[PDB]
Amino acid sequence: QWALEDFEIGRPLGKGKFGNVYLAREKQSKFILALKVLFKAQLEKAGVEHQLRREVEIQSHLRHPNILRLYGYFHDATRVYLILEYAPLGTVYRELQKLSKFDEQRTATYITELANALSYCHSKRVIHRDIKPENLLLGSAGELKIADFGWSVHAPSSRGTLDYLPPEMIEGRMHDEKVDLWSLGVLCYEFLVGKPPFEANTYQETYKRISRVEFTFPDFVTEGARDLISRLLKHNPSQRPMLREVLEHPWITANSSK
Ligand SMILES: Cc1cc(Nc2nc(/C=C/c3ccccc3)nc3cc(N4CCN(C)CC4)ccc23)n[nH]1
């Protein structure tokens, strides 16, 4: 059981809607950590109150070297706070902004780790759904780490921008564990190209592109990368491979890092 007067707040790390997240230190232990505070005001004013309590509990016991740890939570009058693992090399989103694109060795590595992190998430019937670069942080070794289980869900269910969502969920419909493999294909595409495969500039253009799986590869995406991506980006879920198989796909193996 915790309170705010047990940590001292460092610099702000980033501000989204709901609340900000700061670097922080546990006053007793001198432990370095992240402190995402979420505003109980905007929580009642967005109805995600049941989604967060779900977010907390689910990650509150997922433990994996490529999943950000949630150590605990607490609330006061105006707000609630999550006390999170601190990942010292920032977001995958920002290193993509600064590099424009990644090379094969680098993306193959990210996909590997994310596959493993996902494979584990699956082994406890947890589907993430929202796997964009903005939820991927990097730890001390530049290893990828799945943050923000804001919209994760336990078991198959029927529950922003759609660039990362699969055809299943977009057109209503029921979805399973295979949604994250769509996401993984979308991610591997954005890692290599600099934009997700279905970027457009109005929501329904993008909806149509996803709906009919419409994407092209620029010339510099290799024979091996094109295969993998086309493999995961399948309208039909069950036609998408298993995380075991993608981990073993020769372009990943030839280019990943052990
Ligand atoms: C929860 C958590 C965050 C976190 N680490 C970091 N988060 C955010 C920014 C996060 C963010 C949050 C909301 C909105 C926008 C950004 N920015 C960061 C920037 C960092 N640096 C130092 C390393 N540099 C390469 C980039 C600037 C390092 C860690 C960061 N560890 N654990």
# chains A, B, ... in the order shown; residues from 1 in each chain; ligands from 1
call {"tool": "residues_near_ligand", "arguments": {"ligand": "ligand 1", "cutoff": "7 Å", "atoms": "only C-alpha atoms and all ligand atoms", "output": "PyMOL selection string"}}
result
chain A and resi 13-16+20-21+34-36+84-91+137+147
call {"tool": "select_by_dssp", "arguments": {"residues": "segment 98-141 of chain A", "states": "helix (DSSP H, G or I)", "output": "list in words"}}
result
residues 98, 99, 104, 105, 106, 107, 108, 109, 110, 111, 112, 113, 114, 115, 116, 117, 118, 119, 120, 121, 122, 133, 134 and 135 of chain A
call {"tool": "write_last_selection", "arguments": {"atoms": "N, CA and C atoms", "output": "mmCIF file, in the first residue's frame"}}
result
data_model
loop_
_atom_site.group_PDB
_atom_site.id
_atom_site.type_symbol
_atom_site.label_atom_id
_atom_site.label_comp_id
_atom_site.auth_asym_id
_atom_site.auth_seq_id
_atom_site.Cartn_x
_atom_site.Cartn_y
_atom_site.Cartn_z
ATOM 1 N N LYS A 98 13.063 9.763 -35.400
ATOM 2 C CA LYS A 98 14.400 10.326 -35.611
ATOM 3 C C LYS A 98 15.203 9.575 -36.679
ATOM 4 N N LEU A 99 14.976 8.267 -36.825
ATOM 5 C CA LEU A 99 15.669 7.475 -37.857
ATOM 6 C C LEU A 99 14.937 7.413 -39.194
ATOM 7 N N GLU A 104 16.840 -4.058 -41.370
ATOM 8 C CA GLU A 104 16.260 -5.384 -41.143
ATOM 9 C C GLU A 104 16.698 -5.979 -39.813
ATOM 10 N N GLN A 105 18.005 -5.933 -39.550
ATOM 11 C CA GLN A 105 18.562 -6.443 -38.295
ATOM 12 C C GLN A 105 17.798 -5.888 -37.101
ATOM 13 N N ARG A 106 17.565 -4.580 -37.114
ATOM 14 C CA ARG A 106 16.883 -3.912 -36.017
ATOM 15 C C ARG A 106 15.411 -4.307 -35.894
ATOM 16 N N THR A 107 14.681 -4.308 -37.007
ATOM 17 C CA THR A 107 13.240 -4.620 -36.952
ATOM 18 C C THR A 107 13.037 -6.100 -36.642
ATOM 19 N N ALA A 108 13.797 -6.967 -37.314
ATOM 20 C CA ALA A 108 13.760 -8.408 -37.029
ATOM 21 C C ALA A 108 13.945 -8.680 -35.541
ATOM 22 N N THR A 109 14.827 -7.911 -34.906
ATOM 23 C CA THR A 109 15.048 -8.026 -33.474
ATOM 24 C C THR A 109 13.797 -7.617 -32.705
ATOM 25 N N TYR A 110 13.233 -6.450 -33.013
ATOM 26 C CA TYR A 110 12.015 -5.998 -32.326
ATOM 27 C C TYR A 110 10.860 -6.966 -32.463
ATOM 28 N N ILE A 111 10.657 -7.471 -33.673
ATOM 29 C CA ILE A 111 9.579 -8.417 -33.928
ATOM 30 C C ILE A 111 9.754 -9.706 -33.126
ATOM 31 N N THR A 112 10.992 -10.194 -33.049
ATOM 32 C CA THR A 112 11.316 -11.367 -32.231
ATOM 33 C C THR A 112 10.858 -11.190 -30.784
ATOM 34 N N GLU A 113 11.318 -10.110 -30.163
ATOM 35 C CA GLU A 113 11.034 -9.844 -28.745
ATOM 36 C C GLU A 113 9.540 -9.661 -28.517
ATOM 37 N N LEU A 114 8.900 -8.935 -29.430
ATOM 38 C CA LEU A 114 7.466 -8.678 -29.347
ATOM 39 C C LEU A 114 6.683 -9.983 -29.509
ATOM 40 N N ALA A 115 7.117 -10.836 -30.437
ATOM 41 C CA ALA A 115 6.550 -12.180 -30.576
ATOM 42 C C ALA A 115 6.605 -12.937 -29.255
ATOM 43 N N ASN A 116 7.794 -13.004 -28.659
ATOM 44 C CA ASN A 116 7.964 -13.676 -27.366
ATOM 45 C C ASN A 116 7.041 -13.087 -26.304
ATOM 46 N N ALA A 117 7.095 -11.768 -26.126
ATOM 47 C CA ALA A 117 6.192 -11.079 -25.191
ATOM 48 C C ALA A 117 4.719 -11.383 -25.469
ATOM 49 N N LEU A 118 4.345 -11.445 -26.745
ATOM 50 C CA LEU A 118 2.967 -11.774 -27.120
ATOM 51 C C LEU A 118 2.628 -13.228 -26.821
ATOM 52 N N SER A 119 3.497 -14.125 -27.270
ATOM 53 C CA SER A 119 3.375 -15.565 -27.010
ATOM 54 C C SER A 119 3.095 -15.880 -25.539
ATOM 55 N N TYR A 120 3.822 -15.209 -24.650
ATOM 56 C CA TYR A 120 3.572 -15.302 -23.211
ATOM 57 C C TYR A 120 2.190 -14.754 -22.852
ATOM 58 N N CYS A 121 1.874 -13.551 -23.338
ATOM 59 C CA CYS A 121 0.547 -12.944 -23.116
ATOM 60 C C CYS A 121 -0.577 -13.896 -23.512
ATOM 61 N N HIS A 122 -0.380 -14.593 -24.627
ATOM 62 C CA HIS A 122 -1.328 -15.603 -25.090
ATOM 63 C C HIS A 122 -1.452 -16.770 -24.123
ATOM 64 N N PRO A 133 3.640 1.680 -32.287
ATOM 65 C CA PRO A 133 4.951 2.060 -31.740
ATOM 66 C C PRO A 133 4.898 2.951 -30.495
ATOM 67 N N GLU A 134 3.800 3.681 -30.314
ATOM 68 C CA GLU A 134 3.644 4.583 -29.169
ATOM 69 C C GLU A 134 3.484 3.857 -27.824
ATOM 70 N N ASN A 135 3.232 2.546 -27.855
ATOM 71 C CA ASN A 135 3.182 1.720 -26.642
ATOM 72 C C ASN A 135 4.381 0.790 -26.466
#
call {"tool": "closest_atom_pairs", "arguments": {"of": "segment 190-235 of chain A", "to": "segment 163-176 of chain A", "cutoff": "8 Å", "atoms": "only C-alpha atoms", "output": "JSON lines"}}
result
{"residue": "A:196", "atom": "CA", "partner": "A:163", "partner_atom": "CA", "distance": 6.5}
{"residue": "A:197", "atom": "CA", "partner": "A:163", "partner_atom": "CA", "distance": 7.9}
{"residue": "A:198", "atom": "CA", "partner": "A:163", "partner_atom": "CA", "distance": 6.2}
{"residue": "A:199", "atom": "CA", "partner": "A:163", "partner_atom": "CA", "distance": 6.3}
{"residue": "A:206", "atom": "CA", "partner": "A:163", "partner_atom": "CA", "distance": 7.0}
{"residue": "A:207", "atom": "CA", "partner": "A:170", "partner_atom": "CA", "distance": 7.4}
{"residue": "A:210", "atom": "CA", "partner": "A:167", "partner_atom": "CA", "distance": 5.8}
{"residue": "A:211", "atom": "CA", "partner": "A:167", "partner_atom": "CA", "distance": 5.3}
{"residue": "A:213", "atom": "CA", "partner": "A:167", "partner_atom": "CA", "distance": 7.9}
{"residue": "A:235", "atom": "CA", "partner": "A:167", "partner_atom": "CA", "distance": 6.2}
call {"tool": "write_last_selection", "arguments": {"atoms": "N, CA and C atoms", "output": "PDB file, in the first residue's frame"}}
result
ATOM      1  N   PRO A 196       2.558   3.012 -41.304  1.00  0.00           N
ATOM      2  CA  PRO A 196       1.836   1.741 -41.341  1.00  0.00           C
ATOM      3  C   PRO A 196       1.273   1.505 -42.745  1.00  0.00           C
ATOM      4  N   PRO A 197       1.086   0.233 -43.136  1.00  0.00           N
ATOM      5  CA  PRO A 197       0.725  -0.076 -44.523  1.00  0.00           C
ATOM      6  C   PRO A 197      -0.567   0.545 -45.067  1.00  0.00           C
ATOM      7  N   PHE A 198      -1.475   0.988 -44.196  1.00  0.00           N
ATOM      8  CA  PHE A 198      -2.783   1.475 -44.645  1.00  0.00           C
ATOM      9  C   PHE A 198      -3.038   2.929 -44.302  1.00  0.00           C
ATOM     10  N   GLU A 199      -1.973   3.694 -44.081  1.00  0.00           N
ATOM     11  CA  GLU A 199      -2.140   5.111 -43.805  1.00  0.00           C
ATOM     12  C   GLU A 199      -2.873   5.776 -44.966  1.00  0.00           C
ATOM     13  N   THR A 206      -8.817   4.702 -44.911  1.00  0.00           N
ATOM     14  CA  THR A 206      -8.114   3.705 -44.100  1.00  0.00           C
ATOM     15  C   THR A 206      -8.992   2.491 -43.777  1.00  0.00           C
ATOM     16  N   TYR A 207     -10.259   2.730 -43.432  1.00  0.00           N
ATOM     17  CA  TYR A 207     -11.206   1.638 -43.177  1.00  0.00           C
ATOM     18  C   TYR A 207     -11.353   0.742 -44.402  1.00  0.00           C
ATOM     19  N   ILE A 210      -7.993  -1.327 -45.005  1.00  0.00           N
ATOM     20  CA  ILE A 210      -7.951  -2.447 -44.067  1.00  0.00           C
ATOM     21  C   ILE A 210      -8.977  -3.497 -44.462  1.00  0.00           C
ATOM     22  N   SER A 211     -10.209  -3.054 -44.712  1.00  0.00           N
ATOM     23  CA  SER A 211     -11.308  -3.966 -45.043  1.00  0.00           C
ATOM     24  C   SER A 211     -10.959  -4.935 -46.179  1.00  0.00           C
ATOM     25  N   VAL A 213      -7.684  -5.440 -47.284  1.00  0.00           N
ATOM     26  CA  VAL A 213      -6.236  -5.679 -47.175  1.00  0.00           C
ATOM     27  C   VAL A 213      -5.454  -5.111 -48.386  1.00  0.00           C
ATOM     28  N   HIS A 235      -6.707 -11.145 -44.472  1.00  0.00           N
ATOM     29  CA  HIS A 235      -8.065 -10.813 -44.039  1.00  0.00           C
ATOM     30  C   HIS A 235      -8.601 -11.875 -43.093  1.00  0.00           C
TER      31      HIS A 235
END
call {"tool": "select_by_dssp", "arguments": {"residues": "segment 59-222 of chain A", "states": "strand (DSSP E)", "output": "ChimeraX atom specification"}}
result
/A:70-75,79-84,126-127,136-138,144-146,153-154
call {"tool": "closest_residue", "arguments": {"among": "A:238, A:154, A:125, A:131", "to": "residue 186 of chain A", "atoms": "only C-alpha atoms"}}
result
A:131
call {"tool": "residues_around", "arguments": {"residues": "residue 251 of chain A", "least_positions_apart": "3", "cutoff": "7 Å", "atoms": "only C-alpha atoms", "output": "list in words"}}
result
residues 224, 225, 254 and 255 of chain A
call {"tool": "residues_around", "arguments": {"residues": "residue 4 of chain A", "least_positions_apart": "5", "cutoff": "10 Å", "atoms": "only C-alpha atoms", "output": "list in words"}}
result
residues 9, 26, 27, 35, 74, 75, 76, 80, 81 and 83 of chain A
call {"tool": "write_last_selection", "arguments": {"atoms": "N, CA and C atoms", "output": "JSON list (two decimals), in the first residue's frame"}}
result
[["chain", "number", "residue", "atom", "x", "y", "z"],
["A", 9, "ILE", "N", 9.21, 13.42, -7.47],
["A", 9, "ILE", "CA", 8.93, 13.49, -8.90],
["A", 9, "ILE", "C", 10.09, 14.14, -9.61],
["A", 26, "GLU", "N", 11.45, 6.25, -5.52],
["A", 26, "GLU", "CA", 10.91, 5.80, -4.25],
["A", 26, "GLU", "C", 11.80, 6.35, -3.13],
["A", 27, "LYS", "N", 11.22, 7.17, -2.26],
["A", 27, "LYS", "CA", 11.98, 7.91, -1.25],
["A", 27, "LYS", "C", 12.75, 6.99, -0.31],
["A", 35, "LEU", "N", 5.98, 7.11, -13.09],
["A", 35, "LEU", "CA", 4.76, 7.44, -12.36],
["A", 35, "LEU", "C", 3.73, 8.03, -13.32],
["A", 74, "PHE", "N", -2.36, 3.62, -6.73],
["A", 74, "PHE", "CA", -3.06, 4.27, -5.62],
["A", 74, "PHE", "C", -3.81, 5.48, -6.14],
["A", 75, "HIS", "N", -4.72, 5.99, -5.32],
["A", 75, "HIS", "CA", -5.54, 7.15, -5.68],
["A", 75, "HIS", "C", -5.70, 8.09, -4.50],
["A", 76, "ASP", "N", -5.88, 9.37, -4.82],
["A", 76, "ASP", "CA", -6.19, 10.38, -3.83],
["A", 76, "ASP", "C", -7.55, 10.99, -4.18],
["A", 80, "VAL", "N", -5.71, 9.33, -9.70],
["A", 80, "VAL", "CA", -5.14, 8.01, -9.46],
["A", 80, "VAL", "C", -3.78, 7.89, -10.14],
["A", 81, "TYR", "N", -2.89, 7.08, -9.55],
["A", 81, "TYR", "CA", -1.51, 6.94, -10.02],
["A", 81, "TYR", "C", -1.14, 5.48, -10.24],
["A", 83, "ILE", "N", 2.28, 3.21, -10.69],
["A", 83, "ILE", "CA", 3.72, 3.26, -10.45],
["A", 83, "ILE", "C", 4.32, 2.13, -11.31]]
call {"tool": "residues_around", "arguments": {"residues": "segment 40-45 of chain A", "least_positions_apart": "6", "cutoff": "8 Å", "atoms": "only C-alpha atoms", "output": "list in words"}}
result
residues 18, 78, 79 and 80 of chain A
call {"tool": "write_last_selection", "arguments": {"atoms": "N, CA, C and O atoms", "output": "compact mmCIF listing (two decimals), in the first residue's frame"}}
result
# COMPACT_ATOMS: atom_id res chain seq x y z
N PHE A 18 -5.78 12.08 -20.49
CA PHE A 18 -5.96 11.39 -19.20
C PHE A 18 -5.01 11.95 -18.15
O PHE A 18 -5.44 12.54 -17.16
N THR A 78 -8.39 13.98 -6.23
CA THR A 78 -8.64 14.33 -7.63
C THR A 78 -8.17 13.25 -8.63
O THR A 78 -8.72 13.19 -9.74
N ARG A 79 -7.20 12.42 -8.26
CA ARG A 79 -6.52 11.55 -9.25
C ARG A 79 -6.11 10.17 -8.75
O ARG A 79 -6.16 9.88 -7.55
N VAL A 80 -5.71 9.33 -9.70
CA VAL A 80 -5.14 8.01 -9.46
C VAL A 80 -3.78 7.89 -10.14
O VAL A 80 -3.55 8.50 -11.18
call {"tool": "decode", "arguments": {"residues": "segment 187-203 of chain A", "atoms": "N, CA and C atoms", "output": "PDB file, in the first residue's frame"}}
result
ATOM      1  N   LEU A 187       3.134  -3.575 -37.665  1.00  0.00           N
ATOM      2  CA  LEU A 187       4.322  -3.042 -37.008  1.00  0.00           C
ATOM      3  C   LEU A 187       5.601  -3.268 -37.781  1.00  0.00           C
ATOM      4  N   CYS A 188       5.830  -4.519 -38.166  1.00  0.00           N
ATOM      5  CA  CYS A 188       6.997  -4.867 -38.971  1.00  0.00           C
ATOM      6  C   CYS A 188       7.030  -4.055 -40.261  1.00  0.00           C
ATOM      7  N   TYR A 189       5.856  -3.768 -40.825  1.00  0.00           N
ATOM      8  CA  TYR A 189       5.780  -2.901 -41.992  1.00  0.00           C
ATOM      9  C   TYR A 189       6.209  -1.478 -41.632  1.00  0.00           C
ATOM     10  N   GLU A 190       5.650  -0.912 -40.563  1.00  0.00           N
ATOM     11  CA  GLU A 190       5.986   0.467 -40.193  1.00  0.00           C
ATOM     12  C   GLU A 190       7.442   0.609 -39.767  1.00  0.00           C
ATOM     13  N   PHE A 191       7.966  -0.391 -39.065  1.00  0.00           N
ATOM     14  CA  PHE A 191       9.386  -0.410 -38.723  1.00  0.00           C
ATOM     15  C   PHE A 191      10.271  -0.317 -39.951  1.00  0.00           C
ATOM     16  N   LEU A 192       9.910  -1.038 -41.004  1.00  0.00           N
ATOM     17  CA  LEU A 192      10.739  -1.069 -42.200  1.00  0.00           C
ATOM     18  C   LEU A 192      10.511   0.107 -43.148  1.00  0.00           C
ATOM     19  N   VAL A 193       9.281   0.622 -43.208  1.00  0.00           N
ATOM     20  CA  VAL A 193       8.907   1.595 -44.249  1.00  0.00           C
ATOM     21  C   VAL A 193       8.820   3.044 -43.750  1.00  0.00           C
ATOM     22  N   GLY A 194       8.358   3.235 -42.515  1.00  0.00           N
ATOM     23  CA  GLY A 194       8.215   4.571 -41.920  1.00  0.00           C
ATOM     24  C   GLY A 194       6.776   5.011 -41.707  1.00  0.00           C
ATOM     25  N   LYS A 195       5.831   4.220 -42.212  1.00  0.00           N
ATOM     26  CA  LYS A 195       4.399   4.470 -42.043  1.00  0.00           C
ATOM     27  C   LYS A 195       3.701   3.118 -42.012  1.00  0.00           C
ATOM     28  N   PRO A 196       2.558   3.012 -41.304  1.00  0.00           N
ATOM     29  CA  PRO A 196       1.836   1.741 -41.341  1.00  0.00           C
ATOM     30  C   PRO A 196       1.273   1.505 -42.745  1.00  0.00           C
ATOM     31  N   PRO A 197       1.086   0.233 -43.136  1.00  0.00           N
ATOM     32  CA  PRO A 197       0.725  -0.076 -44.523  1.00  0.00           C
ATOM     33  C   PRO A 197      -0.567   0.545 -45.067  1.00  0.00           C
ATOM     34  N   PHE A 198      -1.475   0.988 -44.196  1.00  0.00           N
ATOM     35  CA  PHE A 198      -2.783   1.475 -44.645  1.00  0.00           C
ATOM     36  C   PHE A 198      -3.038   2.929 -44.302  1.00  0.00           C
ATOM     37  N   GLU A 199      -1.973   3.694 -44.081  1.00  0.00           N
ATOM     38  CA  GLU A 199      -2.140   5.111 -43.805  1.00  0.00           C
ATOM     39  C   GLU A 199      -2.873   5.776 -44.966  1.00  0.00           C
ATOM     40  N   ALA A 200      -3.860   6.580 -44.602  1.00  0.00           N
ATOM     41  CA  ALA A 200      -4.575   7.445 -45.525  1.00  0.00           C
ATOM     42  C   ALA A 200      -4.852   8.704 -44.725  1.00  0.00           C
ATOM     43  N   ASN A 201      -5.622   9.630 -45.278  1.00  0.00           N
ATOM     44  CA  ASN A 201      -5.872  10.889 -44.576  1.00  0.00           C
ATOM     45  C   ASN A 201      -7.315  11.180 -44.237  1.00  0.00           C
ATOM     46  N   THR A 202      -8.190  10.210 -44.454  1.00  0.00           N
ATOM     47  CA  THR A 202      -9.482  10.223 -43.796  1.00  0.00           C
ATOM     48  C   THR A 202      -9.744   8.824 -43.275  1.00  0.00           C
ATOM     49  N   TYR A 203     -10.468   8.771 -42.166  1.00  0.00           N
ATOM     50  CA  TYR A 203     -10.730   7.542 -41.422  1.00  0.00           C
ATOM     51  C   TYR A 203     -11.318   6.434 -42.300  1.00  0.00           C
TER      52      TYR A 203
END
